[PDB]
Amino acid sequence: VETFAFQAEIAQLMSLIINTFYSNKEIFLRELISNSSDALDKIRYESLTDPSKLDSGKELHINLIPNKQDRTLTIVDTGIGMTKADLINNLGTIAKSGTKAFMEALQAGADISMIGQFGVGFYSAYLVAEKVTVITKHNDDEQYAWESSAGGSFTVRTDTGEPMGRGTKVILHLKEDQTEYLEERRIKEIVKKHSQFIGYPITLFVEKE
Ligand SMILES: COc1c(C)cnc(Cn2cnc3c(Cl)nc(N)nc32)c1C
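Just so you know, the authors' numbering puts 186 at position 170 of the sequence shown, and the rest follows in order with no gaps.
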């Protein structure tokens, strides 16, 4: 297991997200779904010029999986996935500029719900999650598990779990007071409100209870 420091700017963003009083936490789902939609668009586009990129799975979709036993909400997609380089360096690099702009915007009167406009919507996960575990598989790279409970560090390891074929699983380990996001009717409400025109099937799994 390798342990890495976030760049200071990203640590700062995560702190702001965790510490700021902001009631409209539900926007985290829309951001993650948007991210999944963008990853699906990317693999779809690449497949037009190299069809073998779908040898790791032709189906392009999103699954939302609540688990009350584990207190997790998992957002799964069969998008392009992330390389080791994405996890350790590239995403962080890109996020530095978006973070600065977002911070500036917040000082000028913007609110947290606008985070996606700055390309750093993933970190809104921390509105509701005490820990985020990301399982990902990109073509021509290995399956990785990234994890962070914030605090300035994250880990990356090669994943020995169920092989995914291609895609990303964002596993939200929900805060004790955020378990409404495990409830079917609440997830349906939020998807209808903020994610109604996504161009891929979104399947909301039901709890076995
Ligand atoms: C490791 O966790 C992330 C970090 C630290 C920053 N951004 C994203 C969003 N993100 C970036 N590329 C992504 C792809 Cl291909 N797919 C999805 N679903 N989300 C992505 C993720 C998941």
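In this text, a Cβ means the ideal position worked out from N, Cα and C, and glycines have one as well.
CB contact flag (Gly-183, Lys-153, <8 Å): Residue 183 sits at position 167 when you count from the first residue of the sequence shown. Residue 153 sits at position 137 when you count from the first residue of the sequence shown. Yes, these two residues count as a Cβ contact at 8 Å.
Should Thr-94 go down as buried or exposed, given a rule of 16 or more other Cβ atoms within 10 Å for buried? Walking along the sequence shown from the start, residue 94 turns up at place 78. The residue in question, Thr-94, is buried, as its Cβ has 16 or more Cβ neighbours within 10 Å.
From the DSSP output, read off the bridge partner residues of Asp-93. Numbered from its first residue, the sequence shown carries residue 93 at position 77. According to DSSP, which records beta bridges pairwise, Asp-93 is partnered with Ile-78 and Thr-184.
The alpha helix (DSSP H) enclosing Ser-63, as first and last residue numbers: Position 47 of the sequence shown, counted from the first residue, corresponds to residue 63. Its alpha helix (DSSP H) spans residues 43 to 65.
Since I believe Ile-96 is in contact with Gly-135 (beta carbons under 8 Å), could you give me their beta-carbon distance rounded to a whole number of angstroms? Within the sequence shown, numbered from 1, the residue matching residue 135 stands at position 119. Within the sequence shown, numbered from 1, the residue matching residue 96 stands at position 80. Not quite, the Cβ-Cβ distance comes to about 16 Å (not below 8 Å), so this is no contact.
Between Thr-65 and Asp-71, what straight-line distance do the alpha-carbon atoms span, to the nearest angstrom? Position 49 of the sequence shown, counted from the first residue, corresponds to residue 65. Position 55 of the sequence shown, counted from the first residue, corresponds to residue 71. Distance between the alpha carbons of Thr-65 and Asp-71 is about 13 Å.
How many angstroms separate the CA atom of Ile-26 from the CA atom of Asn-105? Indexing the sequence shown from 1 puts residue 26 at position 10. Indexing the sequence shown from 1 puts residue 105 at position 89. Near 12 Å, if we compare the C-alpha coordinates of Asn-105 and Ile-26.
Would you call the stretch 56 to 64 and the stretch 197 to 204 in contact, with 3 or more CB pairs under 8 Å? no
Just the Cα atoms here: how many angstroms apart are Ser-140 and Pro-67? Here residue 140 is taken as the residue at index 124 of the sequence shown, counted from 1. Here residue 67 is taken as the residue at index 51 of the sequence shown, counted from 1. Straight-line Cα distance between these residues: approximately 34 Å.
Whole angstroms is fine: what's the gap from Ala-101's alpha carbon to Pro-217's? As a position in the sequence shown, residue 101 is number 85, starting the count at 1. As a position in the sequence shown, residue 217 is number 201, starting the count at 1. Roughly 29 Å separates the two Cα atoms.
Leaving out five residues before and five after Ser-129 in sequence, what residues of the same chain have Cβ atoms less than 8 Å from its Cβ? For the purposes of this step, residue 129 is taken as residue 113 along the sequence shown, with counting starting at 1. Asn-40 and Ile-43, listed in sequence order.
Are the Cβ atoms of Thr-115 and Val-186 separated by less than 8 Å? For the purposes of this step, residue 115 is identified with residue 99 of the sequence shown, where counting begins at 1. For the purposes of this step, residue 186 is identified with residue 170 of the sequence shown, where counting begins at 1. No, these two residues do not count as a Cβ contact at 8 Å.
So, at 7 Å on beta carbons, what are the nonlocal neighbours of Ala-166 in its own chain, with the 5 sequence-adjacent residues on each side left out? By 1-based counting over the sequence shown, the position of residue 166 is 150. Sequence-distant Cβ neighbours of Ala-166 in its own chain, meaning closer than 7 Å and more than five residues away, are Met-30, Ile-34 and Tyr-142.
Does the beta-carbon of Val-144 have 16 or more other beta-carbons within 10 angstroms, so that it is buried, or is it exposed? Taking the sequence shown and counting its residues from 1, one reaches residue 144 at position 128. Classification of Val-144: buried, given that the 10 Å Cβ count is 16 or more.
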